[PDB]
Amino acid sequence: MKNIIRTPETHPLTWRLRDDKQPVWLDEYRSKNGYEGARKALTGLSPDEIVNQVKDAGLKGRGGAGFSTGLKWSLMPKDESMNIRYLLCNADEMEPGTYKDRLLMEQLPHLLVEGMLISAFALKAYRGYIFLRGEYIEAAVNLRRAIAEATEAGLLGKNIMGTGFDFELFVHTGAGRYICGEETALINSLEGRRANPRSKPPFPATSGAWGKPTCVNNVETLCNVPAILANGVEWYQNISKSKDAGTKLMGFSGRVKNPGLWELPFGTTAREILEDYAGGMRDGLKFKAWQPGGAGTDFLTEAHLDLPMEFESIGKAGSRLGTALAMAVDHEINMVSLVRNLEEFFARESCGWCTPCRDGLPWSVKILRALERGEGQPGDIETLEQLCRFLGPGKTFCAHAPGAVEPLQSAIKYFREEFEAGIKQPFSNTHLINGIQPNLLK
Amino acid sequence: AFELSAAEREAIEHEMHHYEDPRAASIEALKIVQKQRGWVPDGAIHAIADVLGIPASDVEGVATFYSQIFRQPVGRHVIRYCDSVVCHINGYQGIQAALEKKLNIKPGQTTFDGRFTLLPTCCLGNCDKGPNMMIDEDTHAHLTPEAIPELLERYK
Amino acid sequence: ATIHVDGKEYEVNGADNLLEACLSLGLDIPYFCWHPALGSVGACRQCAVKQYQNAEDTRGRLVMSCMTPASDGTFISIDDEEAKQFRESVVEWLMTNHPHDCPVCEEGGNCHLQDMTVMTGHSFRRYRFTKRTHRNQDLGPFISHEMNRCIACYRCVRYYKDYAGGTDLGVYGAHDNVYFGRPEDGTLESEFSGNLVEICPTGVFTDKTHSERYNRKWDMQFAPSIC
Amino acid sequence: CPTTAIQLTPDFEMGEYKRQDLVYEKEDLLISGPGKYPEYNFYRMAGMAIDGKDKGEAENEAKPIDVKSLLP
Ligand SMILES: NC(=O)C1=CN([C@@H]2O[C@H](COP(=O)(O)OP(=O)(O)OC[C@H]3O[C@@H](n4cnc5c(N)ncnc54)[C@H](O)[C@@H]3O)[C@@H](O)[C@H]2O)C=CC1
Ligand SMILES: Cc1cc2nc3c(=O)[nH]c(=O)nc-3n(C[C@H](O)[C@H](O)[C@H](O)COP(=O)(O)O)c2cc1C
Ligand code: SF4
Ligand code: SF4
Ligand code: SF4
Ligand code: FES
Ligand code: FES
């Protein structure tokens, strides 16, 4: 579908993009209704009024989990003695299959700057950090230039717009770990420590970065904020007739005709995304599987392609919506090799804190290597299944290992024939010792 | 054996100004030393620790936790080819085989000339244009195995 | 506070966590990363029990007893089959990379890892692949270092750094190649480094002075004395 | 015995004149061969390094990956 008319009413995030894929700087951004929501927020709205406005707009988190943003902002302490607060932008985006934040920050940096400004004013957060991955050189350059332009234009720094709100925005480039995207591990990596996640409670809203109240939000959530405050609650609730309010960046990748990213309302079915926007599979390819929201989501089949891309609709199907960036797997891809690659990523991106991930993902990796080489033995599939069952939520310290075992569980559930075809050798981990008769178990 | 230059120390202190705690500039200090010297040598750990006022074991734990902070010497150009699932579907194995045939090295090793270091990196966040490669600061997408012996020849 | 463990009623301190409250009652829950003097961090995932919402609940949920408060009216099960299977699985995951070292290990007969391996009932190996190995460091004349035996329970760094205030011991690395030691070879600088031989549940940090003239714990003649 | 070092052998002629001579030291016990278990070597299985066997050279052992290595 080339005929995409990106009006600001239906495409609040991508209507001011440019055809040559060039970044929109401060003059062009303010020409196309820039910092209107920030002006309204900082000249005619209380911070609690903004928090309640975002809560009434129903803005959920765009970083995969779908937690409500207004409820997260309302969990900040009501003490007036805690005024050293921090806002963090999770620009890490280390999940395989996820490329939305790169587009948003390379081409519209001032949208992120305005969203950080509005969210910091709502949270009464004196300081803001953009935790960005180190592989995004152009996004870092564009964000630093946008921050410099907003600072010289009076939109950042001391006494913004004459209200008296002081806000300083920094860009922190990471050093390449997938676990750094997890918000408590993100806080640990921001503090100059090893990025081990933290147990919750306490949540970062009460004790976050350097012990202060801290709110971590994804890039796309903070890009959703300025349109909410520039158009209103009823406009954000009246663009989609679904329980998930607002629009979402969705797109199919991998052996499709037009891989890319498009802004679509919630409740859009995955089949029409794949057929109209992605163009379907390429020539001589048969669609066999797909992942809805990145490497940490369960595989779904052709029958699940008709489901709307919502949190609850895909949650009921045995998966989760995730980042809503789907990946298509054709019939030429062996599922054992694909899950082997996924589990190698998840095993080597472990942080090493807790036993089941650290010592059970490598066992699953070695089993999958054996099944890919055809050297599988009986009990390997049962071992994979009990690794899936014992790496679920609550068994491990953070959510990295449940997201690791979701593709393994789904692929064993659907494409079990390949995993059973990997097994060719009899089971043996004990060799013969010359003078000792073995205990011949049955 | 190691001594921080004046520009390195000034950049490290400037990064220390941006945080509540001077410990929070450890990753930036390691990246500054790596940018100036190609990698982080052994004396640099104690130098960074002495500047930041944190123990050298904390600096070493940070430097060995993060894969982009190099702790062994590397080549002049670090090839970082993507390894994740979407580039697996788009065929990164042909790219890896082409790189290993052209450079005659396994991943994680350096050529005898000291020109290239081959590394399998994580997902580069460019999955719709896969397979992806990242030489020192440049991302190259839409890779084909026949374009490698031309792509590698403009990094002298 | 009142807790119900396996249908039996106990009166505990509500400011305690469930692991220390149940160990004070004489109940046996396996654990590695918890120490009474160091607090709870929930790393090793060994102390799992099954917590129920109320008395008339049967499904329950596996919780870490070291990270769970012993609040009033709590319902847990230690001998639940799911909890026992998970604890045995944690021991098995630790056993996958552990070296075949007990006869030539100074910790043998005095090893918390041996005790918890036997306590969970894990005695059958089905892992068939390779074991990760590590180089050792020279930690000085008092502490001998054997990094193969590590189960990554983080007790050494928590004691030495957070408790004792030492600066030259740390954790380095990542996913399953975590290394606990000094940044380089040299003598451990803390005046309280010798407590690592009892803090470490395995034989990584061992009494080198004892190791020169080693004998097992059952062969010792002990007495209570004053330093 | 976890190394198959100590073994009971088919031999019964052990009478003595003095009871003190029934205390056998190591030079009275150490034979010049493997006995009833001809091939088992405990040290080929143990992870502890000795002469002729470095770290990673035991059975079912991978080579030690240095913490400073470049591979993730
Ligand atoms: N690149 C990406 O966008 C990636 C996204 N994910 C997604 O992230 C999720 C897992 O991450 P988590 O942070 O562990 O998820 P989570 O569900 O534990 O929490 C997500 C957010 O909700 C907040 N929250 C939840 N319950 C709360 C409570 N009771 N009180 C206060 N705040 C509360 C947390 O502070 C956090 O900001 C999954 O849904 C996964 O799909 C995972 C990997 C990569
Ligand atoms: C292993 C792991 C990796 C994650 N990586 C990211 C990430 O790269 N970017 C991101 O925005 N959230 C990531 N998250 C989710 C965060 O924990 C957190 O929910 C999010 O950053 C902010 O929530 P929000 O969607 O309400 O804004 C990750 C979570 C886990 C468990
Ligand atoms: S599951 Fe455990 S070891 Fe794995 S990344 Fe999370 S805390 Fe770290
Ligand atoms: S640390 Fe314990 S289990 Fe490991 S070799 Fe020594 S005695 Fe055996
Ligand atoms: S060295 Fe000992 S105390 Fe430290 S993490 Fe390893 S097993 Fe635990
Ligand atoms: S999977 Fe290779 S760029 Fe994302
Ligand atoms: S003792 Fe509770 S998880 Fe380690």
# chains A, B, ... in the order shown; residues from 1 in each chain; ligands from 1
call {"tool": "closest_atom_pairs", "arguments": {"of": "chain C", "to": "chain D", "cutoff": "10 Å", "atoms": "only C-alpha atoms", "output": "tab-separated table"}}
result
residue	atom	partner	partner_atom	distance
C:97	CA	D:61	CA	8.7
C:98	CA	D:47	CA	8.7
C:99	CA	D:47	CA	5.1
C:100	CA	D:46	CA	4.6
C:101	CA	D:46	CA	5.2
C:102	CA	D:46	CA	8.6
C:103	CA	D:2	CA	7.2
C:104	CA	D:48	CA	7.6
C:105	CA	D:48	CA	8.5
C:128	CA	D:60	CA	7.9
C:129	CA	D:60	CA	6.5
C:130	CA	D:60	CA	4.5
C:131	CA	D:61	CA	4.6
C:132	CA	D:62	CA	5.4
C:133	CA	D:64	CA	4.7
C:134	CA	D:64	CA	4.9
C:135	CA	D:64	CA	6.6
C:136	CA	D:55	CA	9.2
C:146	CA	D:48	CA	8.2
C:148	CA	D:47	CA	7.3
C:149	CA	D:47	CA	9.0
C:172	CA	D:67	CA	6.8
C:173	CA	D:67	CA	5.5
C:174	CA	D:67	CA	8.2
C:175	CA	D:72	CA	8.8
C:177	CA	D:67	CA	6.9
C:178	CA	D:67	CA	7.7
C:179	CA	D:67	CA	7.1
call {"tool": "write_last_selection", "arguments": {"atoms": "C-alpha atoms", "output": "PDB file, in the first residue's frame"}}
result
ATOM      1  CA  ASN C  97      29.741 -26.936  34.830  1.00  0.00           C
ATOM      2  CA  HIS C  98      31.099 -28.062  38.169  1.00  0.00           C
ATOM      3  CA  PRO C  99      34.501 -29.794  37.995  1.00  0.00           C
ATOM      4  CA  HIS C 100      35.074 -33.434  38.957  1.00  0.00           C
ATOM      5  CA  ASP C 101      37.166 -32.243  41.855  1.00  0.00           C
ATOM      6  CA  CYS C 102      35.813 -33.419  45.251  1.00  0.00           C
ATOM      7  CA  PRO C 103      38.714 -35.829  46.081  1.00  0.00           C
ATOM      8  CA  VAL C 104      41.301 -33.107  45.388  1.00  0.00           C
ATOM      9  CA  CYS C 105      39.233 -30.223  46.745  1.00  0.00           C
ATOM     10  CA  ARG C 128      26.459 -34.616  28.341  1.00  0.00           C
ATOM     11  CA  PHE C 129      28.197 -31.516  27.001  1.00  0.00           C
ATOM     12  CA  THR C 130      31.384 -29.665  27.889  1.00  0.00           C
ATOM     13  CA  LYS C 131      32.111 -27.760  31.083  1.00  0.00           C
ATOM     14  CA  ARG C 132      33.317 -24.182  31.176  1.00  0.00           C
ATOM     15  CA  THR C 133      36.728 -23.747  32.768  1.00  0.00           C
ATOM     16  CA  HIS C 134      38.582 -20.815  34.265  1.00  0.00           C
ATOM     17  CA  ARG C 135      42.128 -19.750  34.966  1.00  0.00           C
ATOM     18  CA  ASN C 136      43.049 -19.182  38.591  1.00  0.00           C
ATOM     19  CA  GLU C 146      40.117 -22.200  42.256  1.00  0.00           C
ATOM     20  CA  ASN C 148      36.263 -23.747  38.322  1.00  0.00           C
ATOM     21  CA  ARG C 149      34.273 -24.550  41.463  1.00  0.00           C
ATOM     22  CA  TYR C 172      34.016  -9.484  35.905  1.00  0.00           C
ATOM     23  CA  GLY C 173      32.380 -10.660  32.735  1.00  0.00           C
ATOM     24  CA  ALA C 174      28.981 -11.699  31.615  1.00  0.00           C
ATOM     25  CA  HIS C 175      26.371 -14.355  30.812  1.00  0.00           C
ATOM     26  CA  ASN C 177      31.622 -16.482  32.117  1.00  0.00           C
ATOM     27  CA  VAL C 178      31.358 -14.492  35.346  1.00  0.00           C
ATOM     28  CA  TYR C 179      34.700 -14.387  37.141  1.00  0.00           C
TER      29      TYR C 179
END
call {"tool": "residues_near_ligand", "arguments": {"ligand": "ligand 2", "cutoff": "7 Å", "atoms": "only C-alpha atoms and all ligand atoms", "output": "VMD selection string"}}
result
chain A and resid 60 to 69 90 to 95 178 to 183 216 to 219 221 398 to 400
call {"tool": "interface_residues", "arguments": {"of": "chain B", "to": "chain A", "cutoff": "9 Å", "atoms": "only C-alpha atoms", "output": "number ranges by chain"}}
result
B: 18-28, 31, 58-59, 61-63, 65-69, 83-90, 121-130, 134, 137-139
call {"tool": "residues_near_ligand", "arguments": {"ligand": "ligand 7", "cutoff": "8 Å", "atoms": "only C-alpha atoms and all ligand atoms", "output": "PyMOL selection string"}}
result
chain C and resi 19+30-35+40-48+64-67+153
call {"tool": "residues_near_ligand", "arguments": {"ligand": "ligand 5", "cutoff": "7 Å", "atoms": "only C-alpha atoms and all ligand atoms", "output": "mmCIF file with C-alpha atoms, in the first residue's frame"}}
result
data_model
loop_
_atom_site.group_PDB
_atom_site.id
_atom_site.type_symbol
_atom_site.label_atom_id
_atom_site.label_comp_id
_atom_site.auth_asym_id
_atom_site.auth_seq_id
_atom_site.Cartn_x
_atom_site.Cartn_y
_atom_site.Cartn_z
ATOM 1 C CA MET C 147 37.608 -20.548 39.950
ATOM 2 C CA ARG C 149 34.273 -24.550 41.463
ATOM 3 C CA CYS C 150 32.291 -21.302 41.419
ATOM 4 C CA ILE C 151 28.510 -21.390 41.265
ATOM 5 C CA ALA C 152 28.218 -17.580 40.820
ATOM 6 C CA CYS C 153 26.329 -17.031 44.057
ATOM 7 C CA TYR C 154 27.918 -13.563 44.536
ATOM 8 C CA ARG C 155 28.541 -14.116 48.253
ATOM 9 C CA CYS C 156 32.241 -13.246 48.017
ATOM 10 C CA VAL C 157 31.737 -9.861 46.395
ATOM 11 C CA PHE C 180 35.108 -13.608 40.834
ATOM 12 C CA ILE C 199 31.611 -17.245 53.048
ATOM 13 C CA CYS C 200 32.242 -19.089 49.775
ATOM 14 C CA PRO C 201 29.894 -22.115 49.697
ATOM 15 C CA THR C 202 32.255 -23.993 47.348
ATOM 16 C CA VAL C 204 36.941 -21.398 45.228
ATOM 17 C CA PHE C 205 38.502 -19.547 48.155
#
call {"tool": "interface_residues", "arguments": {"of": "chain A", "to": "chain D", "cutoff": "7 Å", "atoms": "only C-alpha atoms", "output": "compact mmCIF listing (two decimals) with N, CA and C atoms, in the first residue's frame"}}
result
# COMPACT_ATOMS: atom_id res chain seq x y z
N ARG A 348 23.93 -15.64 25.33
CA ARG A 348 25.11 -14.78 25.47
C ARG A 348 24.76 -13.35 25.85
N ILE A 433 34.05 -48.18 31.91
CA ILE A 433 35.24 -48.34 32.73
C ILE A 433 35.51 -49.83 32.85
N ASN A 434 36.77 -50.22 32.64
CA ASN A 434 37.11 -51.59 32.25
C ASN A 434 36.75 -52.61 33.33
N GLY A 435 37.08 -52.33 34.58
CA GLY A 435 36.85 -53.31 35.62
C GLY A 435 35.53 -53.20 36.35
call {"tool": "atom_distance", "arguments": {"atom1": "CA of residue 107 in chain B", "atom2": "atom 4 (Fe, counted along the ligand's line) of ligand 6"}}
result
18.8 Å
call {"tool": "interface_residues", "arguments": {"of": "chain A", "to": "chain C", "cutoff": "7 Å", "atoms": "only C-alpha atoms", "output": "list in words"}}
result
residues 347, 348, 349, 350, 351, 352, 353, 354, 355, 356, 358, 359, 360, 390, 394, 395, 396, 397 and 429 of chain A
call {"tool": "residues_around", "arguments": {"residues": "residue 243 in chain A", "least_positions_apart": "2", "cutoff": "9 Å", "atoms": "only C-alpha atoms", "output": "PyMOL selection string"}}
result
chain A and resi 58+240-241+245+266-267+310-312
call {"tool": "interface_residues", "arguments": {"of": "chain B", "to": "chain D", "cutoff": "8 Å", "atoms": "only C-alpha atoms", "output": "list in words"}}
result
residues 64, 67, 70, 71, 72, 107, 108, 119, 120 and 121 of chain B
call {"tool": "closest_residue", "arguments": {"among": "B:116, B:149, B:93, B:99", "to": "ligand 6", "atoms": "only C-alpha atoms and all ligand atoms"}}
result
B:93
call {"tool": "closest_residue", "arguments": {"among": "C:50, C:208, C:161, C:213", "to": "chain B", "atoms": "only C-alpha atoms"}}
result
C:161
call {"tool": "atom_distance", "arguments": {"atom1": "CA of residue 57 in chain A", "atom2": "CA of residue 237 in chain A"}}
result
6.3 Å
call {"tool": "select_by_dssp", "arguments": {"residues": "range 298-341 of chain A", "states": "alpha helix (DSSP H)", "output": "PyMOL selection string"}}
result
chain A and resi 311-315+335-341
call {"tool": "atom_distance", "arguments": {"atom1": "CA of residue 197 in chain C", "atom2": "CA of residue 224 in chain C"}}
result
19.2 Å
call {"tool": "select_by_dssp", "arguments": {"residues": "range 52-169 of chain C", "states": "strand (DSSP E or B)", "output": "list in words"}}
result
residues 52, 61, 62, 63, 64, 69, 74, 75, 76, 77, 131, 138, 143, 144 and 145 of chain C
call {"tool": "write_last_selection", "arguments": {"atoms": "N, CA, C and O atoms", "output": "PDB file, in the first residue's frame"}}
result
ATOM      1  N   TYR C  52       0.870 -19.873  48.734  1.00  0.00           N
ATOM      2  CA  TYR C  52      -0.542 -19.881  48.393  1.00  0.00           C
ATOM      3  C   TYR C  52      -1.188 -18.573  48.823  1.00  0.00           C
ATOM      4  O   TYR C  52      -0.723 -17.909  49.752  1.00  0.00           O
ATOM      5  N   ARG C  61       2.173 -20.499  43.877  1.00  0.00           N
ATOM      6  CA  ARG C  61       3.159 -19.860  43.020  1.00  0.00           C
ATOM      7  C   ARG C  61       4.529 -20.016  43.662  1.00  0.00           C
ATOM      8  O   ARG C  61       4.661 -19.870  44.873  1.00  0.00           O
ATOM      9  N   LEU C  62       5.541 -20.315  42.854  1.00  0.00           N
ATOM     10  CA  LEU C  62       6.896 -20.453  43.378  1.00  0.00           C
ATOM     11  C   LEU C  62       7.478 -19.078  43.670  1.00  0.00           C
ATOM     12  O   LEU C  62       7.564 -18.229  42.779  1.00  0.00           O
ATOM     13  N   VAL C  63       7.886 -18.865  44.917  1.00  0.00           N
ATOM     14  CA  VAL C  63       8.500 -17.621  45.348  1.00  0.00           C
ATOM     15  C   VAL C  63       9.858 -17.934  45.958  1.00  0.00           C
ATOM     16  O   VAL C  63      10.117 -19.039  46.440  1.00  0.00           O
ATOM     17  N   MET C  64      10.741 -16.940  45.916  1.00  0.00           N
ATOM     18  CA  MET C  64      12.013 -17.019  46.618  1.00  0.00           C
ATOM     19  C   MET C  64      11.775 -16.729  48.088  1.00  0.00           C
ATOM     20  O   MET C  64      11.318 -15.639  48.438  1.00  0.00           O
ATOM     21  N   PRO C  69       8.775 -11.741  52.629  1.00  0.00           N
ATOM     22  CA  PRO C  69       8.590 -11.506  54.064  1.00  0.00           C
ATOM     23  C   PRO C  69       7.740 -12.579  54.720  1.00  0.00           C
ATOM     24  O   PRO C  69       6.816 -13.131  54.122  1.00  0.00           O
ATOM     25  N   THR C  74       0.736 -16.215  56.488  1.00  0.00           N
ATOM     26  CA  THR C  74       1.338 -16.656  55.237  1.00  0.00           C
ATOM     27  C   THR C  74       1.159 -18.162  55.099  1.00  0.00           C
ATOM     28  O   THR C  74       1.122 -18.883  56.092  1.00  0.00           O
ATOM     29  N   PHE C  75       0.994 -18.633  53.864  1.00  0.00           N
ATOM     30  CA  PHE C  75       0.817 -20.055  53.586  1.00  0.00           C
ATOM     31  C   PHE C  75       1.871 -20.488  52.582  1.00  0.00           C
ATOM     32  O   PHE C  75       1.852 -20.035  51.434  1.00  0.00           O
ATOM     33  N   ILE C  76       2.799 -21.350  52.997  1.00  0.00           N
ATOM     34  CA  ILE C  76       3.818 -21.852  52.089  1.00  0.00           C
ATOM     35  C   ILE C  76       3.941 -23.359  52.232  1.00  0.00           C
ATOM     36  O   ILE C  76       3.481 -23.964  53.201  1.00  0.00           O
ATOM     37  N   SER C  77       4.571 -23.956  51.230  1.00  0.00           N
ATOM     38  CA  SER C  77       4.906 -25.367  51.205  1.00  0.00           C
ATOM     39  C   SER C  77       6.348 -25.506  50.744  1.00  0.00           C
ATOM     40  O   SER C  77       6.737 -24.928  49.723  1.00  0.00           O
ATOM     41  N   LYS C 131      32.147 -28.630  29.923  1.00  0.00           N
ATOM     42  CA  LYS C 131      32.111 -27.760  31.083  1.00  0.00           C
ATOM     43  C   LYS C 131      32.996 -26.553  30.835  1.00  0.00           C
ATOM     44  O   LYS C 131      34.105 -26.686  30.308  1.00  0.00           O
ATOM     45  N   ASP C 138      46.636 -15.825  41.640  1.00  0.00           N
ATOM     46  CA  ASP C 138      47.389 -15.882  42.883  1.00  0.00           C
ATOM     47  C   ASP C 138      46.887 -14.766  43.789  1.00  0.00           C
ATOM     48  O   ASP C 138      47.087 -13.586  43.495  1.00  0.00           O
ATOM     49  N   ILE C 143      44.961 -17.107  50.856  1.00  0.00           N
ATOM     50  CA  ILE C 143      43.786 -17.575  50.138  1.00  0.00           C
ATOM     51  C   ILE C 143      44.239 -18.234  48.847  1.00  0.00           C
ATOM     52  O   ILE C 143      44.988 -17.638  48.065  1.00  0.00           O
ATOM     53  N   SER C 144      43.794 -19.462  48.632  1.00  0.00           N
ATOM     54  CA  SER C 144      43.993 -20.161  47.376  1.00  0.00           C
ATOM     55  C   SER C 144      42.736 -20.012  46.534  1.00  0.00           C
ATOM     56  O   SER C 144      41.621 -20.067  47.061  1.00  0.00           O
ATOM     57  N   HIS C 145      42.931 -19.828  45.231  1.00  0.00           N
ATOM     58  CA  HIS C 145      41.877 -19.488  44.285  1.00  0.00           C
ATOM     59  C   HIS C 145      41.681 -20.639  43.310  1.00  0.00           C
ATOM     60  O   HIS C 145      42.639 -21.080  42.673  1.00  0.00           O
TER      61      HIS C 145
END
call {"tool": "residues_around", "arguments": {"residues": "range 107-123 of chain A", "least_positions_apart": "3", "cutoff": "8 Å", "atoms": "only C-alpha atoms", "output": "number ranges by chain"}}
result
A: 17, 21-26, 29, 34-35, 37-38, 41-42, 46-48, 50-51, 73, 76, 85-87, 89, 103-104, 126-128, 139, 142-143, 146-147, 156, 165, 167, 219, 222-226
call {"tool": "residues_around", "arguments": {"residues": "residue 236 in chain A", "least_positions_apart": "5", "cutoff": "10 Å", "atoms": "only C-alpha atoms", "output": "number ranges by chain"}}
result
A: 9-10, 12, 54, 56-59, 224, 227-229, 231, 245-247
